[PDB]
Amino acid sequence: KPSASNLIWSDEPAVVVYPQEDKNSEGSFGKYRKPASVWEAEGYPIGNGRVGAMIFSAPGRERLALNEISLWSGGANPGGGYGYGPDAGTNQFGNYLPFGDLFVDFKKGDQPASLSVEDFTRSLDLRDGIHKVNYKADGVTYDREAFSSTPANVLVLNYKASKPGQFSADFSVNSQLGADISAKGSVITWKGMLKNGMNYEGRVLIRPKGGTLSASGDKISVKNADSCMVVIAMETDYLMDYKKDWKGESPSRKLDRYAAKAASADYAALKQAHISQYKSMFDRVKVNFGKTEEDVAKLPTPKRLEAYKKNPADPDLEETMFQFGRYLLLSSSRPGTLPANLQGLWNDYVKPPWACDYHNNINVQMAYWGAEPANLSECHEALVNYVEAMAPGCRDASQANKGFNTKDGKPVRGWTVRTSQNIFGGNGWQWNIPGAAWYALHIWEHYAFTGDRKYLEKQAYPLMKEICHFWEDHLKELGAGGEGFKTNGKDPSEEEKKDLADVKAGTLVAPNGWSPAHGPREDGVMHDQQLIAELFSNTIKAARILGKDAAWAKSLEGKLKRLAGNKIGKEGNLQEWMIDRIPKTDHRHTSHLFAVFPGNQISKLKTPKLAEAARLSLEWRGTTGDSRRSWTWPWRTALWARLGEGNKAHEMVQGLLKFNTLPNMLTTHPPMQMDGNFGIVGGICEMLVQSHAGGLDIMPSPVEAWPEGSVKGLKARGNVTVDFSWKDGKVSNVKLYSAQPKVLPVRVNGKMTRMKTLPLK
């Protein structure tokens, strides 16, 4: 019997096509028409934070769409444009690129093997992070295994058979970038230099047991082998340092230091080291939402999803969805490497949607919503190190914009970002003015969840203060009654001026802001005011914790108190602008709800009137049309949970699975966008534990779809690990762990208590 959770599998062979459309037969496409549709829905991903593959397993052929997180076109992009493509130069924005493909054409003898076999299954086992394939043919049981090893820093494949000498396959390497491919001995090497100057090189090392190996052309033929281990190594010359012009040691020199050593190891030792390392991150969080009926839990993932759309009652599938997001984050974000982009690190497009880049409008943030609460804190370091490394480029583009100039005609202090960012300090497309403030929330929350004072002083606080310096220069002061208020560049009408009657002189507002996705360009947009208030408050807290800059922090506290705050509209909704406009109930964005999540300003415990207004705004929002996005469901899940609506929050988990989830459990915008997989981790975490409103809140509101369950290993602010179970309407077995003894205010079962922490194990 198959596992009811933590296992994504299918009894149907994956559709195997070349990414180049003209290279496939019509039969090879299956039900699809485009090779990008095949890639996003059929592949199973593996990764170790730097190298990964989307796996397409079939009895006759196998495709591994390879990736290295640093393979990027483009460059500094001084013009601030959004041009990309595989030939984008240093003057263009660029995009994440596919490293290549490994095609395995299995053979019986000298003829191709059968395409249909018996009892075929392909599986991605989240319990050990291994892609597994199994089938039978002519009385022989074949088995394949694949994973991305962190300790070995390579991809490891292994093909076995129940009878000796029954493995034969042809290994070839495909490239969409015109790479120079050559096969000599037992290694296929492909390499190239992008138009922007970055060098890359990959190597496929073939290590069979028995049989004969031959390198004919640019392929390698294995015949009548007992088994076969394959090692895939990929490097670029990228270095996350602007001072070195983003160039480090050559990829060939790096591969010469470990690639052959990994291929010389015994496969059982590589797999043992991978499983041990992988479980050290995956097993940190265990969760159980209930039991699914065995008739449903035995279905393969594509059929189980179709069953979910008709009957969305599958707690074990939702646990798989939750853990899959943790799996994907740990497989694409590690300290020392680049952060996860729009698609984690998996991409076969030469020209991807939105350049598969770093979108700071929400996607990159969402990618790391579950990093802290789901106990993957070191994955968050990739984002902070990246924001710090990209900062010199952001200062260049920010200071070059005269629209940011201060009142004295001088360039602005600090920096902010455009909507899109690459890995060379380049910024693309429109300006995202409060974007750097959003990064500062992530910068702070990493300290808030770990208590790492060294991190706060050495890296976090210097970045936060600089981002504060930008807003000290850019903030605009309004007179009494909002004298200088401007909307769309023009003064307020007589009716609009009535909403500004209570505006006190000296009020600070973000000038000429924009509430994401609609509305006029207008001062004091709630979205911007909430982000800046969160930035000033967290920076003042960091200064106090560090005992630093007492005079400046005292001044920033003054400015914080003068920032235009939230208002409740005449209809009871939380206002989105300083102008009490009619609620945009048909809109898919709730940008003025940032203060509820991921911001920490509005809460039912501390601000009950504002929280009721925010709940009204969300209640009047629909879940149809363009609201069915990969990023809408997880944001709305966390919002409903923080407003005390566990049932409404669970309905957004159902919506993500019903309308924006592919048969391989990857979330789709459309097309495939991993922000849904990432963000739903943070959303479900808020349904279980909240630690932002002055203490621990254990399951603040019940979830009728989860009548009985338990969780272990969730993280709370203050570096506290939380374990508990629940049955009926009550929570029991609450255990709090920390490195040092602590007493926390804990709200549980509708009662406010204080609890002591136990020693962490």
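Could you work out Rg/(2.2 N^0.38 Å) for segment 321-462, with Rg from alpha carbons only?
Values: Rg = 15.7 Å, N = 142, 2.2 N^0.38 = 14.5 Å.
Cα-based Rg divided by the globular estimate yields 1.09.
At 20 °C and 1.002 mPa s, grab the translational diffusion coefficient of segment 240-287 from Stokes-Einstein with a Kirkwood Rh over Cα pairs, rounded to a whole number in µm² per second. Once the numbers are plugged in, D ends up at 154 µm²/s. Of the Cα atoms belonging to segment 473-552, the radius of gyration and Dmax stand at 15.1, 48 Å. With Cα atoms defining each centre, segment 706-734 and segment 480-519 are spaced 45 Å apart in the structure.
Can you work out the PRE-style zone for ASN224? Point 7 Å along Cα to Cβ, and I want the residues of segment 155-190 with backbone N under 18 Å. Under cut-off, by backbone N: 161-170. Using the Cβ-Cβ distance between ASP723 and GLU457 with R0 set to 25 Å, the FRET efficiency works out to roughly 0.20. When segment 450-500 is described by a simple charge dipole with +1 on each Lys and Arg Cβ and -1 on each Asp and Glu Cβ, the residue from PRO492, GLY451, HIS474 located farthest towards its positive end is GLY451.
Over segment 511-630, what portion of Cα pair distances is larger than 17 Å, expressed as a whole percent?
On the way: 4271 of 7140 pairs.
The proportion of pairs with Cα distances above 17 Å equals 60 percent.
Sorted largest first, the principal axis extents computed over the alpha-carbon atoms of the chain equal 87, 61, 50 Å. Placing +1 on the Cβ of every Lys and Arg and -1 on the Cβ of every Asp and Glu, with no other charges, gives segment 114-266 a dipole of roughly 280 debye about its Cα centre. Taking a ≥ b ≥ c as the square roots of the Cα gyration tensor eigenvalues, segment 138-219 comes out prolate, since a/c reaches at least 1.5 and a/b is larger than b/c. If a spin label sat at a point 7 angstrom from the Cα of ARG253 along the line to its beta carbon, the backbone N atoms of segment 222-240 nearer than 19 Å would be those of 234-240. Is the shape of segment 563-604 best called rounded, prolate or oblate, per the rule: a/c under 1.5 gives rounded, else a/b larger than b/c gives prolate, else oblate, with a ≥ b ≥ c the square roots of the Cα gyration tensor eigenvalues? Oblate.
Cα convex hull of segment 256-407: mean projected area in nm², to one decimal? Before the final figure, lay out each step's value.
Working: hull surface 60.6 nm².
The number I arrive at for segment 256-407 is 15.2 nm².
Calculate the FRET efficiency for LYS291 and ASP119 from the Cβ-Cβ distance with a Förster distance of 22 Å, rounded to the nearest 0.05. With a Förster radius of 22 Å, E is 0.25. Looking at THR585, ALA400, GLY519, which one has the Cα that reaches farthest to the positive end of the dipole of the chain (charges on Cβ: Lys, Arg +1; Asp, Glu -1)? Positive-most Cα among the choices belongs to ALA400. Ordered by the count of other Cβ atoms within 10 Å of each Cβ, fewest first, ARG418, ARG642 give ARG418, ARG642.
Just to verify a number: FRET efficiency for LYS606 and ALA268, C-beta to C-beta distance, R0 = 56 Å, to 0.05? Taking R0 as 56 Å, the efficiency between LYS606 and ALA268 is 0.55. Per residue of the chain, the DSSP helices (runs of n ≥ 4 H) give a summed -39500 (n - 2.57) that works out to -8500 deg cm²/dmol at 222 nm. Extents of segment 591-658, taken as max minus min of Cα coordinates on every principal axis and listed largest first, are 34, 20, 19 Å. Here the chain is treated with +1 on each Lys and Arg Cβ and -1 on each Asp and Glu Cβ, and its dipole about the Cα centre works out to around 1700 debye. Taking segment 206-246 and a reference point 7 angstrom along Cα→Cβ of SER28, the backbone N atoms nearer than 17 Å belong to 218-220. Taken about its Cα centre, segment 211-306 carries a charge dipole of about 200 debye when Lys and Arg each add +1 at the Cβ and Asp and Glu each add -1 at the Cβ.
Of the residues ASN749, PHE724, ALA739, the one whose Cα sits farthest toward the positive end of the charge dipole of segment 715-761, with +1 on the Cβ of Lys and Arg and -1 on the Cβ of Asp and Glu, is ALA739. When only alpha carbons are used to place a centre, segment 73-143 and segment 146-164 end up 15 Å from one another.
Please list, by residue number, every one of the GluC sites (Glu not before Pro) in segment 145-238 that is coil in DSSP and has at most 16 other beta-carbon atoms within 10 Å.
Values: sites: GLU145, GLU201, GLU235; in loops: none.
Those that pass, being in a loop and sparsely packed, number zero.
Listed by chain and number, the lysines whose alpha-carbon sits under 23 Å from that of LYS132, ignoring those within fewer than 8 places in the same chain, are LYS1, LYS107, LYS108, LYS160, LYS163, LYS209, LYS223, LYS271, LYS279, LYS286, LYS298, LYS303.
All of the numbers you see were taken from the coordinates with simple rules; none came from a lab. Backbone-built Cβ (ideal geometry, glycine too); neighbour counts: all protein chains shown.
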